[PDB]
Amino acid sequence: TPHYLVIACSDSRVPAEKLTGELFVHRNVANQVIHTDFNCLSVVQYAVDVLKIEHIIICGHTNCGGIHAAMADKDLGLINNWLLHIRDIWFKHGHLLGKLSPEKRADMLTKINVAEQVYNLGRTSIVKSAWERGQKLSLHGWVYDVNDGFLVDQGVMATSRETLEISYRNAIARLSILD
């Protein structure tokens, strides 16, 4: 019986265990929590309401094929519809990303992505219901760097809807301060 749900990207070198029998795991292209995705939501509702899990962790990673492909203007087929949610996030932060050296943008979008997905997670009926009946539950947004094996917590962390707004809002403001 596990204490953590990890949501991670299907990309190659990213395994939740390796990275960090205690893990319940979902893996999809670019570690997405899409609001109407039955697959991910069912993982989340089973973990929260059934296995009484208390931590959900969304882990993106640098050099993500999903992120790269979402940014390439390319006719790949079905997957392009999956990644339109990433393109929507890109444009929601277009000013920010535009201001950046083109070869740095992927890494930034990976980071932004993680914050957006936590924000989505935090607004599911599953998570709000659970928070609202006093169930203890915390959400985390991490980015793991394949270049140097180092995790990089993103200080998106939420234990309530109010804290969700605050850390989401701050994480975006921190990312907009450009080195």
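From 1 onward, residues are counted along the sequence shown.
Gap size between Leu164 and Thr163, counted in deposited residues that the entry leaves unmodelled
According to the record, the chain runs unbroken from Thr163 to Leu164.
Looking only at CA atoms, which has the higher mean B factor in the entry: 43-51 or 113-121?
Looking at the recorded C-alpha B-factors, 43-51 comes out higher on average.
Stretch exceeding the other in mean C-alpha B-factor - 101-109, 88-96
On average, C-alpha B-factors are higher across 101-109.
For the listed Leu151, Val33, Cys64, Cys59, which has the peak Cα B-factor recorded in the PDB entry?
Top of the list by C-alpha B-factor: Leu151.
Reading the B-factor column of the entry, which of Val29, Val143, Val146, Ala70 has the highest value at its C-alpha atom?
If I rank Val29, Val143, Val146, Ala70 by C-alpha B-factor, first place goes to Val146.
Could you place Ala158 in the lowest, middle or highest third of its chain by Cα temperature factor, using the values in the record?
It belongs to the middle third of the chain when residues are ordered by C-alpha B-factor.
Is the Cα B-factor recorded for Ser167 in the lowest, middle or highest third of its chain?
Within its chain, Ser167 is a middle-third residue by C-alpha B-factor, going by the deposited values.
Ranked C-alpha temperature factor of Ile177 among modelled chain residues, by third:
It falls in the top third of the chain.
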